[PDB]
Amino acid sequence: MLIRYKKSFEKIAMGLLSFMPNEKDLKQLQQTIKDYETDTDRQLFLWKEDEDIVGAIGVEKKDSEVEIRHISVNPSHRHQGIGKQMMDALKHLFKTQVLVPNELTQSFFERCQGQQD
Ligand SMILES: CC(C)(COP(=O)(O)OP(=O)(O)OC[C@H]1O[C@@H](n2cnc3c(N)ncnc32)[C@H](O)[C@@H]1OP(=O)(O)O)[C@@H](O)C(=O)NCCC(=O)NCCS
Ligand code: NA
């Protein structure tokens, strides 16, 4: 299930975001979360599997498009389709807009975009 980010989950959200190649230290991560909390165009979501929070997906709303800026799955919960599940849910949630990657999420985005349903 795709849930909205909440401050209760700041620790785990920072845990998951750290697996992104552009997030290399605690200060960078703290700034990213602050940016998600305070910029209205930037929205962070988390993925729940039963109780455990194991995925994070972060976007920027940009008129007709929604740009995926961060995507991460807890290493232990990878290779189970969660990463795609998250993007698919986000496509459903932002159905009025065009979902697009930035340079950092392009490769996994295209991999998923190339699949059959
Ligand atoms: C990308 C990521 C979110 C995928 O999570 P996942 O839950 O394993 O995704 P899915 O199960 O839907 O798909 C897994 C497949 O995606 C592909 N894939 C994984 N990482 C990829 C990447 N960086 N670029 C392109 N394709 C990728 C692989 O083919 C993989 O197949 P395998 O499981 O047989 O090796 C995860 O690897 C991750 O958290 N990476 C660290 C953060 C990151 O680099 N994000 C940017 C992605 S461009
Ligand atoms: Na925000």
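Entry numbering is not used for residues: they are numbered from 1 along each chain in the order the sequence is written, which may differ from it, and residues without coordinates are omitted. Here every chain gets a letter starting at A, and every ligand a number starting at 1, in the order they are written. In computing side-chain values, all of the structure's heavy atoms are included and hydrogens and water are not. Residues with missing side-chain atoms are left out of burial classes, side-chain pairs and their counts.

- For this deposited structure, the header cites X-ray crystallography as the method used and 2.09 Å as the resolution.

- As annotated in the PDB entry, the protein carries the name Protein RibT and comes from Bacillus subtilis.
- UniProt positions are given in the numbering used here, feature names are shortened, and annotations may be inferred rather than shown by experiment. Per its UniProt entry, the protein bears the Function comment "Involved in riboflavin biosynthesis."

1. As for the layout of surface pockets
Part 1 of the reasoning: Roughly 440 Å³ of internal volume is contained in the largest pocket.
Part 2 of the reasoning: Points on a 1 Å grid, built from protein atoms alone, make a cavity when a 1.4 Å probe fits but cannot get out and make a pocket when they are open with protein on both sides within 12 Å along at least 5 of 7 lines; residues with an atom within 4 Å of a point are the lining residues. Taken together, 19 residues line the largest pocket, and the ones lying closest to its centre are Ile71, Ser72, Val73, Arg78 and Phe108. Grid points are joined across faces, edges and corners, and a volume is the space filled by probe spheres set on the points.

2. Some remarks on the coordination of the sodium ion (ligand 2)
Part 1 of the reasoning: Any N, O or S atom lying within 2.8 Å of the metal counts as a donor, and for Na, K and Ca the limit rises to 3.2 Å; water is left out, so some sites can look incomplete. Donor atoms from the polypeptide that coordinate the sodium ion (ligand 2) comprise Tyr36 (O), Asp39 (O) and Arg42 (O), at 2.2 to 2.5 Å from the metal.
Part 2 of the reasoning: In primary sequence terms, the donor set of the sodium ion (ligand 2) follows Y-x2-D-x2-R.
Part 3 of the reasoning: Think of it in three bands: with a 1.4 Å probe and only protein chains considered, a residue is buried below 20% of the maximum accessible area for its type, exposed above 50%, and partly exposed in between. Relative accessible area serves as the criterion here: at 5%, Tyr36 is assigned to the buried category.

3. Quick notes on the pairing of strand β5 (residues 98–101)
Part 1 of the reasoning: Two strands are said to pair when DSSP picks up at least two bridges between them. The numbering of helices and of strands both runs from the N terminus, where a helix is a DSSP run of H or I of at least 4 residues and a strand a run of E of at least 2. Bridge count between strand β4 (residues 65–73) and β5: four bridges; the pairing is parallel. Bridge assignment links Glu65 to a residue of β5, and that residue is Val98.
Part 2 of the reasoning: Here, the term right-handed applies to a crossover whose path from the first strand over the helix to the second runs clockwise when the strands point away from the viewer. Crossover β4 to β5 through helix α3 (residues 82–93) is right-handed.

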